[PDB]
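Only one chain is given next, in structure tokens, and it is the form deposited in one PDB entry.
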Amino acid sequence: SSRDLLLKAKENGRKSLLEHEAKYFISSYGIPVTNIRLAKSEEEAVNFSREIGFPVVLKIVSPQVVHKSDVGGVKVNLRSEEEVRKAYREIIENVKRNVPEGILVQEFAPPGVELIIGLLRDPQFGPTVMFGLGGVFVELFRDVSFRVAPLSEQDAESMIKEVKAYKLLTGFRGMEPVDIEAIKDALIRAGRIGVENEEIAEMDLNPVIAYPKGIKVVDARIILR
């Protein structure tokens, strides 16, 4: 069961899931994520990079590293095996010397319209789902909508239409309309995760990329309590 990830985290006194664990968990709820695998060696990756498909992004996985980039724990646009051997040894090299679980091999995410899907716990209303457009639209303008879980289809659709930036989803200069049904589906499932898993205090799906067909969560945080 995916609950094993939460149980293991709790027994080890962790207050969050590691990146791959978070991706696995939300995937098990039917929310599409960037394809990932965990490498316990430089060679274990070749089957996985091959399987996943180049170019693959590499990320260090360690309870220690809250920020992956400052330590030098990230490597982007790796387009071949030789390029994995290099980006792999470099990240081992780098983080070790900065900080003495494995390497995450992650698929490339084609550009699209970025979204955020949140889950928080309100003192009065309990698990609550948050939606907004990515980038400046949430971070700078704070354009978000909320619905208390569980979400109906009516809740998901209306909370999407309610944000000021909504038109970024229905086609504009050099960008096709994106899959709104797939967004609604993910919102509802995010609410279900909150309702069902009491040990999840908070969850962040950020960034989520929406395409003309389907969506993909690129990064996800799950906070425990």
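The term rigid core refers to the most C-alpha atoms you can superpose between the two forms while keeping them within 1.5 Å. When you see a residue number, it is the position in the sequence shown, counting from 1.
Keep in mind that the form deposited with a small molecule bound is not shown, yet the notes after this line are about it.
A.B. asks: Even though the small molecule is not shown here, does it sit in the entry with it bound so that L18, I91 and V99 each have a heavy atom within 4.5 Å?
C.D. replies: Per the other structure, none of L18, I91 and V99 touch the small molecule.
A.B. asks: Which one of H67, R50, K161, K40 is close to the small molecule in the entry with it bound, taking close to mean a heavy atom within 4.5 Å?
C.D. replies: Flagged contact: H67.
A.B. asks: Report yes if any heavy atom of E114 sits within 4.5 Å of a heavy atom of the small molecule in the entry with it bound; otherwise report no.
C.D. replies: The answer is yes: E114 has a heavy atom within 4.5 Å of the small molecule.
A.B. asks: Hey, in the entry with it bound, does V74 get a heavy atom within 4.5 angstroms of the small molecule?
C.D. replies: The answer is yes: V74 has a heavy atom within 4.5 Å of the small molecule.
A.B. asks: Going by a heavy atom distance of 4.5 Å, is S27 a contact of the small molecule in the entry with it bound?
C.D. replies: Heavy-atom contact with the small molecule at 4.5 Å: absent for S27.
A.B. asks: Can any non-hydrogen atom of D155 be found within 4.5 angstroms of the small molecule in the entry with it bound?
C.D. replies: No, no contact at 4.5 Å.
A.B. asks: Among 55 to 63, 163 to 171, 41 to 49, 192 to 200, mark the stretch whose residues have heavy atoms within 4.5 Å of the small molecule in the entry with it bound.
C.D. replies: Of the options, only 55 to 63 has residues within 4.5 Å of the partner.
A.B. asks: If you fit the two forms on their rigid core, which residue out of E93, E153, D122, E139 shows a CA shift of at least 2 Å between the shown form and the other one?
C.D. replies: Per the superposition, the moving residue is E93.
A.B. asks: Quick one: core overlaid, is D70 moving 2 Å or more at the Cα between the shown form and the other one?
C.D. replies: Superposed on the core, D70 moves its C-alpha 2 Å or more between the shown form and the other one.
A.B. asks: If I superpose the two forms on their rigid core, does the C-alpha of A186 end up displaced by 2 Å or more between the shown form and the other one?
C.D. replies: No, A186 moves less than 2 Å.
A.B. asks: Does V46 move its CA by 2 angstroms or more between the shown form and the other one when the core is aligned?
C.D. replies: Comparing the forms between the shown form and the other one, which are aligned on their rigid core, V46 does shift its C-alpha by 2 Å or more.
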